$ cat final00.pdb   # PDB, N, CA and C atoms and all ligand atoms
ATOM      1  N   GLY A   1     161.614 -92.220 -53.854  1.00  0.00           N
ATOM      2  CA  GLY A   1     162.505 -93.114 -53.139  1.00  0.00           C
ATOM      3  C   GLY A   1     163.534 -92.369 -52.311  1.00  0.00           C
ATOM      4  N   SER A   2     163.702 -92.787 -51.061  1.00  0.00           N
ATOM      5  CA  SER A   2     164.657 -92.148 -50.163  1.00  0.00           C
ATOM      6  C   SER A   2     165.897 -91.693 -50.925  1.00  0.00           C
ATOM      7  N   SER A   3     166.202 -90.402 -50.830  1.00  0.00           N
ATOM      8  CA  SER A   3     167.361 -89.839 -51.512  1.00  0.00           C
ATOM      9  C   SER A   3     168.250 -89.076 -50.535  1.00  0.00           C
ATOM     10  N   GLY A   4     169.555 -89.314 -50.621  1.00  0.00           N
ATOM     11  CA  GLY A   4     170.492 -88.642 -49.738  1.00  0.00           C
ATOM     12  C   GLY A   4     171.870 -89.272 -49.768  1.00  0.00           C
ATOM     13  N   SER A   5     172.888 -88.453 -50.004  1.00  0.00           N
ATOM     14  CA  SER A   5     174.262 -88.937 -50.063  1.00  0.00           C
ATOM     15  C   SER A   5     175.196 -88.024 -49.274  1.00  0.00           C
ATOM     16  N   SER A   6     175.267 -88.251 -47.966  1.00  0.00           N
ATOM     17  CA  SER A   6     176.119 -87.446 -47.097  1.00  0.00           C
ATOM     18  C   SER A   6     177.375 -88.217 -46.703  1.00  0.00           C
ATOM     19  N   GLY A   7     178.358 -88.234 -47.598  1.00  0.00           N
ATOM     20  CA  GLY A   7     179.597 -88.937 -47.327  1.00  0.00           C
ATOM     21  C   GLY A   7     180.801 -88.017 -47.335  1.00  0.00           C
ATOM     22  N   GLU A   8     181.975 -88.582 -47.599  1.00  0.00           N
ATOM     23  CA  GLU A   8     183.207 -87.802 -47.634  1.00  0.00           C
ATOM     24  C   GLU A   8     183.022 -86.529 -48.454  1.00  0.00           C
ATOM     25  N   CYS A   9     183.772 -85.491 -48.102  1.00  0.00           N
ATOM     26  CA  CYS A   9     183.690 -84.214 -48.803  1.00  0.00           C
ATOM     27  C   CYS A   9     185.061 -83.788 -49.317  1.00  0.00           C
ATOM     28  N   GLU A  10     185.105 -83.329 -50.564  1.00  0.00           N
ATOM     29  CA  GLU A  10     186.355 -82.892 -51.173  1.00  0.00           C
ATOM     30  C   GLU A  10     186.097 -81.840 -52.248  1.00  0.00           C
ATOM     31  N   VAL A  11     187.174 -81.306 -52.815  1.00  0.00           N
ATOM     32  CA  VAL A  11     187.066 -80.290 -53.856  1.00  0.00           C
ATOM     33  C   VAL A  11     186.955 -80.928 -55.236  1.00  0.00           C
ATOM     34  N   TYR A  12     187.596 -82.079 -55.404  1.00  0.00           N
ATOM     35  CA  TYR A  12     187.571 -82.791 -56.676  1.00  0.00           C
ATOM     36  C   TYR A  12     186.166 -82.795 -57.270  1.00  0.00           C
ATOM     37  N   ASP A  13     185.190 -83.188 -56.460  1.00  0.00           N
ATOM     38  CA  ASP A  13     183.802 -83.236 -56.903  1.00  0.00           C
ATOM     39  C   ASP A  13     183.477 -82.050 -57.806  1.00  0.00           C
ATOM     40  N   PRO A  14     183.137 -82.343 -59.070  1.00  0.00           N
ATOM     41  CA  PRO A  14     182.799 -81.314 -60.058  1.00  0.00           C
ATOM     42  C   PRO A  14     181.469 -80.634 -59.753  1.00  0.00           C
ATOM     43  N   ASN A  15     180.599 -81.339 -59.038  1.00  0.00           N
ATOM     44  CA  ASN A  15     179.291 -80.802 -58.679  1.00  0.00           C
ATOM     45  C   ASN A  15     179.430 -79.633 -57.708  1.00  0.00           C
ATOM     46  N   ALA A  16     180.636 -79.450 -57.181  1.00  0.00           N
ATOM     47  CA  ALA A  16     180.902 -78.367 -56.241  1.00  0.00           C
ATOM     48  C   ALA A  16     181.340 -77.102 -56.972  1.00  0.00           C
ATOM     49  N   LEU A  17     180.412 -76.165 -57.130  1.00  0.00           N
ATOM     50  CA  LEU A  17     180.702 -74.908 -57.811  1.00  0.00           C
ATOM     51  C   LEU A  17     180.570 -73.727 -56.856  1.00  0.00           C
ATOM     52  N   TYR A  18     181.607 -72.899 -56.799  1.00  0.00           N
ATOM     53  CA  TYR A  18     181.607 -71.732 -55.925  1.00  0.00           C
ATOM     54  C   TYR A  18     181.712 -70.444 -56.735  1.00  0.00           C
ATOM     55  N   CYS A  19     182.910 -70.167 -57.240  1.00  0.00           N
ATOM     56  CA  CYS A  19     183.146 -68.968 -58.035  1.00  0.00           C
ATOM     57  C   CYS A  19     182.131 -68.858 -59.169  1.00  0.00           C
ATOM     58  N   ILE A  20     182.011 -67.662 -59.735  1.00  0.00           N
ATOM     59  CA  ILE A  20     181.079 -67.425 -60.830  1.00  0.00           C
ATOM     60  C   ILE A  20     181.478 -68.214 -62.072  1.00  0.00           C
ATOM     61  N   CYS A  21     182.766 -68.523 -62.182  1.00  0.00           N
ATOM     62  CA  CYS A  21     183.277 -69.277 -63.321  1.00  0.00           C
ATOM     63  C   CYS A  21     182.898 -70.750 -63.213  1.00  0.00           C
ATOM     64  N   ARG A  22     182.158 -71.090 -62.163  1.00  0.00           N
ATOM     65  CA  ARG A  22     181.729 -72.467 -61.943  1.00  0.00           C
ATOM     66  C   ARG A  22     182.928 -73.409 -61.903  1.00  0.00           C
ATOM     67  N   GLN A  23     183.890 -73.099 -61.041  1.00  0.00           N
ATOM     68  CA  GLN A  23     185.089 -73.917 -60.906  1.00  0.00           C
ATOM     69  C   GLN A  23     185.383 -74.216 -59.440  1.00  0.00           C
ATOM     70  N   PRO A  24     185.962 -75.398 -59.180  1.00  0.00           N
ATOM     71  CA  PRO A  24     186.307 -75.829 -57.823  1.00  0.00           C
ATOM     72  C   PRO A  24     187.459 -75.024 -57.234  1.00  0.00           C
ATOM     73  N   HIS A  25     187.538 -74.995 -55.907  1.00  0.00           N
ATOM     74  CA  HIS A  25     188.595 -74.262 -55.219  1.00  0.00           C
ATOM     75  C   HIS A  25     189.968 -74.818 -55.584  1.00  0.00           C
ATOM     76  N   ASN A  26     190.697 -74.085 -56.418  1.00  0.00           N
ATOM     77  CA  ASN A  26     192.027 -74.506 -56.845  1.00  0.00           C
ATOM     78  C   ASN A  26     193.096 -73.564 -56.301  1.00  0.00           C
ATOM     79  N   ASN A  27     194.358 -73.919 -56.524  1.00  0.00           N
ATOM     80  CA  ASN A  27     195.474 -73.106 -56.055  1.00  0.00           C
ATOM     81  C   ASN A  27     195.136 -71.620 -56.131  1.00  0.00           C
ATOM     82  N   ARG A  28     194.402 -71.239 -57.171  1.00  0.00           N
ATOM     83  CA  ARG A  28     194.009 -69.847 -57.359  1.00  0.00           C
ATOM     84  C   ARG A  28     193.640 -69.201 -56.028  1.00  0.00           C
ATOM     85  N   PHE A  29     193.908 -67.905 -55.910  1.00  0.00           N
ATOM     86  CA  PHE A  29     193.606 -67.169 -54.688  1.00  0.00           C
ATOM     87  C   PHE A  29     192.100 -66.988 -54.522  1.00  0.00           C
ATOM     88  N   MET A  30     191.616 -67.204 -53.303  1.00  0.00           N
ATOM     89  CA  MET A  30     190.193 -67.064 -53.010  1.00  0.00           C
ATOM     90  C   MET A  30     189.969 -66.084 -51.864  1.00  0.00           C
ATOM     91  N   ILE A  31     188.836 -65.391 -51.899  1.00  0.00           N
ATOM     92  CA  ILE A  31     188.502 -64.421 -50.862  1.00  0.00           C
ATOM     93  C   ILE A  31     187.049 -64.564 -50.424  1.00  0.00           C
ATOM     94  N   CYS A  32     186.745 -64.070 -49.228  1.00  0.00           N
ATOM     95  CA  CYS A  32     185.391 -64.141 -48.693  1.00  0.00           C
ATOM     96  C   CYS A  32     184.692 -62.790 -48.799  1.00  0.00           C
ATOM     97  N   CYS A  33     183.756 -62.687 -49.737  1.00  0.00           N
ATOM     98  CA  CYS A  33     183.015 -61.448 -49.945  1.00  0.00           C
ATOM     99  C   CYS A  33     182.141 -61.128 -48.736  1.00  0.00           C
ATOM    100  N   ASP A  34     181.636 -59.901 -48.687  1.00  0.00           N
ATOM    101  CA  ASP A  34     180.785 -59.468 -47.585  1.00  0.00           C
ATOM    102  C   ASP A  34     179.369 -59.176 -48.075  1.00  0.00           C
ATOM    103  N   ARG A  35     179.252 -58.811 -49.347  1.00  0.00           N
ATOM    104  CA  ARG A  35     177.955 -58.501 -49.937  1.00  0.00           C
ATOM    105  C   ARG A  35     177.162 -59.778 -50.206  1.00  0.00           C
ATOM    106  N   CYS A  36     177.691 -60.623 -51.084  1.00  0.00           N
ATOM    107  CA  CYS A  36     177.034 -61.877 -51.430  1.00  0.00           C
ATOM    108  C   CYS A  36     177.586 -63.030 -50.597  1.00  0.00           C
ATOM    109  N   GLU A  37     178.645 -62.753 -49.843  1.00  0.00           N
ATOM    110  CA  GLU A  37     179.269 -63.767 -49.000  1.00  0.00           C
ATOM    111  C   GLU A  37     179.519 -65.050 -49.788  1.00  0.00           C
ATOM    112  N   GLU A  38     180.225 -64.922 -50.907  1.00  0.00           N
ATOM    113  CA  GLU A  38     180.533 -66.070 -51.751  1.00  0.00           C
ATOM    114  C   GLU A  38     182.036 -66.183 -51.990  1.00  0.00           C
ATOM    115  N   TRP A  39     182.465 -67.338 -52.487  1.00  0.00           N
ATOM    116  CA  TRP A  39     183.877 -67.574 -52.760  1.00  0.00           C
ATOM    117  C   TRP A  39     184.182 -67.389 -54.244  1.00  0.00           C
ATOM    118  N   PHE A  40     185.193 -66.578 -54.538  1.00  0.00           N
ATOM    119  CA  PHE A  40     185.586 -66.316 -55.918  1.00  0.00           C
ATOM    120  C   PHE A  40     187.105 -66.310 -56.058  1.00  0.00           C
ATOM    121  N   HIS A  41     187.578 -66.279 -57.300  1.00  0.00           N
ATOM    122  CA  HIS A  41     189.012 -66.270 -57.573  1.00  0.00           C
ATOM    123  C   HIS A  41     189.497 -64.857 -57.883  1.00  0.00           C
ATOM    124  N   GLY A  42     190.496 -64.401 -57.134  1.00  0.00           N
ATOM    125  CA  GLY A  42     191.034 -63.071 -57.344  1.00  0.00           C
ATOM    126  C   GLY A  42     191.032 -62.668 -58.805  1.00  0.00           C
ATOM    127  N   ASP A  43     191.826 -63.365 -59.611  1.00  0.00           N
ATOM    128  CA  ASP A  43     191.913 -63.074 -61.037  1.00  0.00           C
ATOM    129  C   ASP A  43     190.524 -62.884 -61.639  1.00  0.00           C
ATOM    130  N   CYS A  44     189.640 -63.845 -61.391  1.00  0.00           N
ATOM    131  CA  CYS A  44     188.279 -63.786 -61.909  1.00  0.00           C
ATOM    132  C   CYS A  44     187.608 -62.471 -61.524  1.00  0.00           C
ATOM    133  N   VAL A  45     187.491 -62.233 -60.221  1.00  0.00           N
ATOM    134  CA  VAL A  45     186.869 -61.012 -59.721  1.00  0.00           C
ATOM    135  C   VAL A  45     187.829 -59.830 -59.809  1.00  0.00           C
ATOM    136  N   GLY A  46     188.960 -60.043 -60.475  1.00  0.00           N
ATOM    137  CA  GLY A  46     189.945 -58.987 -60.620  1.00  0.00           C
ATOM    138  C   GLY A  46     190.905 -58.925 -59.449  1.00  0.00           C
ATOM    139  N   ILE A  47     190.361 -58.929 -58.237  1.00  0.00           N
ATOM    140  CA  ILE A  47     191.178 -58.872 -57.032  1.00  0.00           C
ATOM    141  C   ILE A  47     192.461 -59.680 -57.200  1.00  0.00           C
ATOM    142  N   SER A  48     193.599 -59.016 -57.025  1.00  0.00           N
ATOM    143  CA  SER A  48     194.895 -59.672 -57.158  1.00  0.00           C
ATOM    144  C   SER A  48     195.332 -60.285 -55.832  1.00  0.00           C
ATOM    145  N   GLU A  49     196.200 -61.290 -55.910  1.00  0.00           N
ATOM    146  CA  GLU A  49     196.697 -61.963 -54.716  1.00  0.00           C
ATOM    147  C   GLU A  49     197.073 -60.952 -53.637  1.00  0.00           C
ATOM    148  N   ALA A  50     197.797 -59.912 -54.037  1.00  0.00           N
ATOM    149  CA  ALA A  50     198.222 -58.874 -53.106  1.00  0.00           C
ATOM    150  C   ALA A  50     197.042 -58.010 -52.671  1.00  0.00           C
ATOM    151  N   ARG A  51     196.277 -57.527 -53.645  1.00  0.00           N
ATOM    152  CA  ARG A  51     195.120 -56.687 -53.362  1.00  0.00           C
ATOM    153  C   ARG A  51     194.303 -57.258 -52.206  1.00  0.00           C
ATOM    154  N   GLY A  52     194.073 -58.567 -52.240  1.00  0.00           N
ATOM    155  CA  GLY A  52     193.307 -59.212 -51.190  1.00  0.00           C
ATOM    156  C   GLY A  52     194.099 -59.373 -49.909  1.00  0.00           C
ATOM    157  N   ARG A  53     195.313 -59.901 -50.027  1.00  0.00           N
ATOM    158  CA  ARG A  53     196.172 -60.110 -48.868  1.00  0.00           C
ATOM    159  C   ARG A  53     196.081 -58.930 -47.905  1.00  0.00           C
ATOM    160  N   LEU A  54     196.184 -57.721 -48.446  1.00  0.00           N
ATOM    161  CA  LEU A  54     196.114 -56.511 -47.636  1.00  0.00           C
ATOM    162  C   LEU A  54     194.753 -56.387 -46.959  1.00  0.00           C
ATOM    163  N   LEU A  55     193.692 -56.513 -47.747  1.00  0.00           N
ATOM    164  CA  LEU A  55     192.334 -56.417 -47.224  1.00  0.00           C
ATOM    165  C   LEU A  55     192.203 -57.178 -45.908  1.00  0.00           C
ATOM    166  N   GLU A  56     193.020 -58.213 -45.745  1.00  0.00           N
ATOM    167  CA  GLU A  56     192.996 -59.021 -44.531  1.00  0.00           C
ATOM    168  C   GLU A  56     193.737 -58.320 -43.396  1.00  0.00           C
ATOM    169  N   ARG A  57     195.057 -58.238 -43.521  1.00  0.00           N
ATOM    170  CA  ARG A  57     195.882 -57.595 -42.506  1.00  0.00           C
ATOM    171  C   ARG A  57     195.371 -56.191 -42.200  1.00  0.00           C
ATOM    172  N   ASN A  58     195.255 -55.369 -43.237  1.00  0.00           N
ATOM    173  CA  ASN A  58     194.779 -53.998 -43.079  1.00  0.00           C
ATOM    174  C   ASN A  58     193.455 -53.968 -42.320  1.00  0.00           C
ATOM    175  N   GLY A  59     192.510 -54.796 -42.756  1.00  0.00           N
ATOM    176  CA  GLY A  59     191.213 -54.848 -42.106  1.00  0.00           C
ATOM    177  C   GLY A  59     190.125 -54.193 -42.933  1.00  0.00           C
ATOM    178  N   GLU A  60     190.223 -54.327 -44.252  1.00  0.00           N
ATOM    179  CA  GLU A  60     189.239 -53.740 -45.154  1.00  0.00           C
ATOM    180  C   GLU A  60     188.168 -54.759 -45.529  1.00  0.00           C
ATOM    181  N   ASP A  61     187.003 -54.264 -45.932  1.00  0.00           N
ATOM    182  CA  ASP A  61     185.896 -55.130 -46.319  1.00  0.00           C
ATOM    183  C   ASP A  61     185.850 -55.309 -47.833  1.00  0.00           C
ATOM    184  N   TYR A  62     186.374 -56.434 -48.307  1.00  0.00           N
ATOM    185  CA  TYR A  62     186.396 -56.725 -49.735  1.00  0.00           C
ATOM    186  C   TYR A  62     184.979 -56.850 -50.288  1.00  0.00           C
ATOM    187  N   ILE A  63     184.768 -56.310 -51.483  1.00  0.00           N
ATOM    188  CA  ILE A  63     183.460 -56.362 -52.124  1.00  0.00           C
ATOM    189  C   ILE A  63     183.581 -56.774 -53.587  1.00  0.00           C
ATOM    190  N   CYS A  64     183.431 -58.069 -53.846  1.00  0.00           N
ATOM    191  CA  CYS A  64     183.521 -58.592 -55.203  1.00  0.00           C
ATOM    192  C   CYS A  64     182.801 -57.677 -56.190  1.00  0.00           C
ATOM    193  N   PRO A  65     183.197 -57.757 -57.469  1.00  0.00           N
ATOM    194  CA  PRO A  65     182.602 -56.944 -58.533  1.00  0.00           C
ATOM    195  C   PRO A  65     181.168 -57.360 -58.848  1.00  0.00           C
ATOM    196  N   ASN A  66     180.977 -58.647 -59.114  1.00  0.00           N
ATOM    197  CA  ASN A  66     179.652 -59.173 -59.431  1.00  0.00           C
ATOM    198  C   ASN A  66     178.589 -58.542 -58.538  1.00  0.00           C
ATOM    199  N   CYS A  67     178.985 -58.178 -57.323  1.00  0.00           N
ATOM    200  CA  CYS A  67     178.068 -57.564 -56.371  1.00  0.00           C
ATOM    201  C   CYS A  67     177.765 -56.120 -56.761  1.00  0.00           C
ATOM    202  N   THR A  68     178.769 -55.257 -56.640  1.00  0.00           N
ATOM    203  CA  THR A  68     178.611 -53.848 -56.979  1.00  0.00           C
ATOM    204  C   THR A  68     178.044 -53.681 -58.384  1.00  0.00           C
ATOM    205  N   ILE A  69     178.575 -54.453 -59.327  1.00  0.00           N
ATOM    206  CA  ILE A  69     178.119 -54.391 -60.710  1.00  0.00           C
ATOM    207  C   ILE A  69     176.601 -54.261 -60.784  1.00  0.00           C
ATOM    208  N   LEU A  70     175.910 -54.934 -59.870  1.00  0.00           N
ATOM    209  CA  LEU A  70     174.453 -54.894 -59.828  1.00  0.00           C
ATOM    210  C   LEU A  70     173.956 -53.488 -59.503  1.00  0.00           C
ATOM    211  N   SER A  71     174.370 -52.973 -58.350  1.00  0.00           N
ATOM    212  CA  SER A  71     173.965 -51.639 -57.920  1.00  0.00           C
ATOM    213  C   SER A  71     175.147 -50.879 -57.326  1.00  0.00           C
ATOM    214  N   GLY A  72     175.080 -49.552 -57.387  1.00  0.00           N
ATOM    215  CA  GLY A  72     176.150 -48.731 -56.852  1.00  0.00           C
ATOM    216  C   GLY A  72     176.300 -48.881 -55.351  1.00  0.00           C
ATOM    217  N   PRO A  73     176.877 -47.857 -54.705  1.00  0.00           N
ATOM    218  CA  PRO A  73     177.093 -47.857 -53.255  1.00  0.00           C
ATOM    219  C   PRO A  73     175.789 -47.742 -52.474  1.00  0.00           C
ATOM    220  N   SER A  74     175.873 -47.921 -51.160  1.00  0.00           N
ATOM    221  CA  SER A  74     174.698 -47.840 -50.300  1.00  0.00           C
ATOM    222  C   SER A  74     173.916 -46.558 -50.567  1.00  0.00           C
ATOM    223  N   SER A  75     172.770 -46.423 -49.907  1.00  0.00           N
ATOM    224  CA  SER A  75     171.926 -45.246 -50.074  1.00  0.00           C
ATOM    225  C   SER A  75     171.504 -45.084 -51.532  1.00  0.00           C
ATOM    226  N   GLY A  76     171.110 -46.190 -52.154  1.00  0.00           N
ATOM    227  CA  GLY A  76     170.687 -46.151 -53.543  1.00  0.00           C
ATOM    228  C   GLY A  76     171.553 -45.236 -54.386  1.00  0.00           C
TER     229      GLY A  76
HETATM  230 ZN    ZN B 101     186.764 -68.175 -60.860  1.00  0.00          ZN
HETATM  231 ZN    ZN B 102     180.157 -60.484 -53.632  1.00  0.00          ZN
END

$ encode --input "final00.pdb" --output "structure tokens"
Amino acid sequence: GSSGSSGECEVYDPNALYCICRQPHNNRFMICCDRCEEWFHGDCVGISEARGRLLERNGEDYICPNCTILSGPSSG
């Protein structure tokens, strides 16, 4: 049977999971990874509010842990 529900969008929706902790975007600090290109919470991924803030202004490429944890740096 025809299935599809494309209506209003919000964070409240519990079905919306981003961070690895399976939690909605809350006040918690969030950053945009480059490896997995996913949304996570600083505290969760360790990255502190400040640690990330700089990565922006400075111009550094943040790399969540869950990513590196898998494999080391480039070049195997
Ligand atoms: Zn989280
Ligand atoms: Zn990542």

$ resolve_selection --input "final00.pdb" --expression "the PyMOL selection byres (((not hetatm)) within 6 of (chain B and resi 101))" --output "PyMOL selection string"
chain A and resi 19-23+40-41+44

$ residues_around --input "final00.pdb" --residues "residue A:38" --least-positions-apart "6" --cutoff "6.5 Å" --atoms "only N, CA and C atoms" --output "VMD selection string"
chain A and resid 18 31 to 32

$ closest_residue --input "final00.pdb" --among "A:69, A:36, A:55, A:47" --to "ligand ZN 102 (chain B)" --atoms "all atoms listed in the file"
A:36

$ resolve_selection --input "final00.pdb" --expression "the PyMOL selection byres (((not hetatm)) within 8 of (chain B and resi 102))" --output "number ranges by chain"
A: 32-40, 62-68

$ write_last_selection --input "final00.pdb" --atoms "N, CA and C atoms" --output "PDB file, keeping the file's coordinate frame"
ATOM      1  N   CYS A  32     186.745 -64.070 -49.228  1.00  0.00           N
ATOM      2  CA  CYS A  32     185.391 -64.141 -48.693  1.00  0.00           C
ATOM      3  C   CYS A  32     184.692 -62.790 -48.799  1.00  0.00           C
ATOM      4  N   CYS A  33     183.756 -62.687 -49.737  1.00  0.00           N
ATOM      5  CA  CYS A  33     183.015 -61.448 -49.945  1.00  0.00           C
ATOM      6  C   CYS A  33     182.141 -61.128 -48.736  1.00  0.00           C
ATOM      7  N   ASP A  34     181.636 -59.901 -48.687  1.00  0.00           N
ATOM      8  CA  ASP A  34     180.785 -59.468 -47.585  1.00  0.00           C
ATOM      9  C   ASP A  34     179.369 -59.176 -48.075  1.00  0.00           C
ATOM     10  N   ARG A  35     179.252 -58.811 -49.347  1.00  0.00           N
ATOM     11  CA  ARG A  35     177.955 -58.501 -49.937  1.00  0.00           C
ATOM     12  C   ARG A  35     177.162 -59.778 -50.206  1.00  0.00           C
ATOM     13  N   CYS A  36     177.691 -60.623 -51.084  1.00  0.00           N
ATOM     14  CA  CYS A  36     177.034 -61.877 -51.430  1.00  0.00           C
ATOM     15  C   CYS A  36     177.586 -63.030 -50.597  1.00  0.00           C
ATOM     16  N   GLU A  37     178.645 -62.753 -49.843  1.00  0.00           N
ATOM     17  CA  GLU A  37     179.269 -63.767 -49.000  1.00  0.00           C
ATOM     18  C   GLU A  37     179.519 -65.050 -49.788  1.00  0.00           C
ATOM     19  N   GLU A  38     180.225 -64.922 -50.907  1.00  0.00           N
ATOM     20  CA  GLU A  38     180.533 -66.070 -51.751  1.00  0.00           C
ATOM     21  C   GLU A  38     182.036 -66.183 -51.990  1.00  0.00           C
ATOM     22  N   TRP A  39     182.465 -67.338 -52.487  1.00  0.00           N
ATOM     23  CA  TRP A  39     183.877 -67.574 -52.760  1.00  0.00           C
ATOM     24  C   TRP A  39     184.182 -67.389 -54.244  1.00  0.00           C
ATOM     25  N   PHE A  40     185.193 -66.578 -54.538  1.00  0.00           N
ATOM     26  CA  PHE A  40     185.586 -66.316 -55.918  1.00  0.00           C
ATOM     27  C   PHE A  40     187.105 -66.310 -56.058  1.00  0.00           C
ATOM     28  N   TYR A  62     186.374 -56.434 -48.307  1.00  0.00           N
ATOM     29  CA  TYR A  62     186.396 -56.725 -49.735  1.00  0.00           C
ATOM     30  C   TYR A  62     184.979 -56.850 -50.288  1.00  0.00           C
ATOM     31  N   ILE A  63     184.768 -56.310 -51.483  1.00  0.00           N
ATOM     32  CA  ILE A  63     183.460 -56.362 -52.124  1.00  0.00           C
ATOM     33  C   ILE A  63     183.581 -56.774 -53.587  1.00  0.00           C
ATOM     34  N   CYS A  64     183.431 -58.069 -53.846  1.00  0.00           N
ATOM     35  CA  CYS A  64     183.521 -58.592 -55.203  1.00  0.00           C
ATOM     36  C   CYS A  64     182.801 -57.677 -56.190  1.00  0.00           C
ATOM     37  N   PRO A  65     183.197 -57.757 -57.469  1.00  0.00           N
ATOM     38  CA  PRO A  65     182.602 -56.944 -58.533  1.00  0.00           C
ATOM     39  C   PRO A  65     181.168 -57.360 -58.848  1.00  0.00           C
ATOM     40  N   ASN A  66     180.977 -58.647 -59.114  1.00  0.00           N
ATOM     41  CA  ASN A  66     179.652 -59.173 -59.431  1.00  0.00           C
ATOM     42  C   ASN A  66     178.589 -58.542 -58.538  1.00  0.00           C
ATOM     43  N   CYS A  67     178.985 -58.178 -57.323  1.00  0.00           N
ATOM     44  CA  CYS A  67     178.068 -57.564 -56.371  1.00  0.00           C
ATOM     45  C   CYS A  67     177.765 -56.120 -56.761  1.00  0.00           C
ATOM     46  N   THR A  68     178.769 -55.257 -56.640  1.00  0.00           N
ATOM     47  CA  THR A  68     178.611 -53.848 -56.979  1.00  0.00           C
ATOM     48  C   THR A  68     178.044 -53.681 -58.384  1.00  0.00           C
TER      49      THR A  68
END

$ select_by_dssp --input "final00.pdb" --residues "chain A" --states "strand (DSSP E or B)" --output "PyMOL selection string"
chain A and resi 30-32+39-41

$ write_last_selection --input "final00.pdb" --atoms "N, CA and C atoms" --output "CSV table (one decimal), in the frame of the given file"
chain,number,residue,atom,x,y,z
A,30,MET,N,191.6,-67.2,-53.3
A,30,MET,CA,190.2,-67.1,-53.0
A,30,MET,C,190.0,-66.1,-51.9
A,31,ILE,N,188.8,-65.4,-51.9
A,31,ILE,CA,188.5,-64.4,-50.9
A,31,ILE,C,187.0,-64.6,-50.4
A,32,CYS,N,186.7,-64.1,-49.2
A,32,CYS,CA,185.4,-64.1,-48.7
A,32,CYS,C,184.7,-62.8,-48.8
A,39,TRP,N,182.5,-67.3,-52.5
A,39,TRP,CA,183.9,-67.6,-52.8
A,39,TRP,C,184.2,-67.4,-54.2
A,40,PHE,N,185.2,-66.6,-54.5
A,40,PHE,CA,185.6,-66.3,-55.9
A,40,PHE,C,187.1,-66.3,-56.1
A,41,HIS,N,187.6,-66.3,-57.3
A,41,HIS,CA,189.0,-66.3,-57.6
A,41,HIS,C,189.5,-64.9,-57.9

$ atom_distance --input "final00.pdb" --atom1 "atom N of residue A:58" --atom2 "atom N of residue A:70"
25.5 Å

$ select_by_dssp --input "final00.pdb" --residues "chain A" --states "alpha helix (DSSP H)" --output "list in words"
residues 42, 43, 44, 45, 49, 50, 51, 52, 53, 54, 65, 66, 67, 68, 69 and 70 of chain A

$ atom_distance --input "final00.pdb" --atom1 "atom CA of residue A:10" --atom2 "atom CA of residue A:50"
26.9 Å

$ resolve_selection --input "final00.pdb" --expression "the PyMOL selection byres (((chain A and resi 29) around 7) and not hetatm)" --output "PDB file with N, CA and C atoms, in the coordinates of the input"
ATOM      1  N   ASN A  26     190.697 -74.085 -56.418  1.00  0.00           N
ATOM      2  CA  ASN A  26     192.027 -74.506 -56.845  1.00  0.00           C
ATOM      3  C   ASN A  26     193.096 -73.564 -56.301  1.00  0.00           C
ATOM      4  N   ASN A  27     194.358 -73.919 -56.524  1.00  0.00           N
ATOM      5  CA  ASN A  27     195.474 -73.106 -56.055  1.00  0.00           C
ATOM      6  C   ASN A  27     195.136 -71.620 -56.131  1.00  0.00           C
ATOM      7  N   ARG A  28     194.402 -71.239 -57.171  1.00  0.00           N
ATOM      8  CA  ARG A  28     194.009 -69.847 -57.359  1.00  0.00           C
ATOM      9  C   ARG A  28     193.640 -69.201 -56.028  1.00  0.00           C
ATOM     10  N   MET A  30     191.616 -67.204 -53.303  1.00  0.00           N
ATOM     11  CA  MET A  30     190.193 -67.064 -53.010  1.00  0.00           C
ATOM     12  C   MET A  30     189.969 -66.084 -51.864  1.00  0.00           C
ATOM     13  N   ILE A  31     188.836 -65.391 -51.899  1.00  0.00           N
ATOM     14  CA  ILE A  31     188.502 -64.421 -50.862  1.00  0.00           C
ATOM     15  C   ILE A  31     187.049 -64.564 -50.424  1.00  0.00           C
ATOM     16  N   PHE A  40     185.193 -66.578 -54.538  1.00  0.00           N
ATOM     17  CA  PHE A  40     185.586 -66.316 -55.918  1.00  0.00           C
ATOM     18  C   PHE A  40     187.105 -66.310 -56.058  1.00  0.00           C
ATOM     19  N   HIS A  41     187.578 -66.279 -57.300  1.00  0.00           N
ATOM     20  CA  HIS A  41     189.012 -66.270 -57.573  1.00  0.00           C
ATOM     21  C   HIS A  41     189.497 -64.857 -57.883  1.00  0.00           C
ATOM     22  N   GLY A  42     190.496 -64.401 -57.134  1.00  0.00           N
ATOM     23  CA  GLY A  42     191.034 -63.071 -57.344  1.00  0.00           C
ATOM     24  C   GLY A  42     191.032 -62.668 -58.805  1.00  0.00           C
ATOM     25  N   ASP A  43     191.826 -63.365 -59.611  1.00  0.00           N
ATOM     26  CA  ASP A  43     191.913 -63.074 -61.037  1.00  0.00           C
ATOM     27  C   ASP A  43     190.524 -62.884 -61.639  1.00  0.00           C
ATOM     28  N   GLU A  49     196.200 -61.290 -55.910  1.00  0.00           N
ATOM     29  CA  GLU A  49     196.697 -61.963 -54.716  1.00  0.00           C
ATOM     30  C   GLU A  49     197.073 -60.952 -53.637  1.00  0.00           C
TER      31      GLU A  49
END

$ atom_distance --input "final00.pdb" --atom1 "atom N of residue A:25" --atom2 "atom CA of residue A:45"
14.5 Å

$ axis_aligned_box --input "final00.pdb" --around "stretch 15-28 of chain A" --padding-each-side "5 Å" --output "lines of an AutoDock Vina configuration file"
center_x = 187.4
center_y = -74.4
center_z = -59.3
size_x = 26.2
size_y = 23.9
size_z = 18.1

$ decode --input "final00.pdb" --residues "stretch 18-29 of chain A" --atoms "C-alpha atoms" --output "PDB file, in the first residue's frame"
ATOM      1  CA  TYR A  18      22.299  11.505  14.150  1.00  0.00           C
ATOM      2  CA  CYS A  19      25.045  11.176  16.761  1.00  0.00           C
ATOM      3  CA  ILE A  20      26.331   7.708  17.646  1.00  0.00           C
ATOM      4  CA  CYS A  21      24.494   8.000  20.963  1.00  0.00           C
ATOM      5  CA  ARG A  22      21.288   7.896  18.918  1.00  0.00           C
ATOM      6  CA  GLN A  23      20.086  11.264  20.213  1.00  0.00           C
ATOM      7  CA  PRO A  24      18.396  14.280  18.571  1.00  0.00           C
ATOM      8  CA  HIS A  25      20.215  17.567  17.976  1.00  0.00           C
ATOM      9  CA  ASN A  26      20.094  19.238  21.393  1.00  0.00           C
ATOM     10  CA  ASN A  27      21.728  22.306  22.938  1.00  0.00           C
ATOM     11  CA  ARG A  28      24.830  20.109  23.038  1.00  0.00           C
ATOM     12  CA  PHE A  29      27.604  21.263  20.705  1.00  0.00           C
TER      13      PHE A  29
END
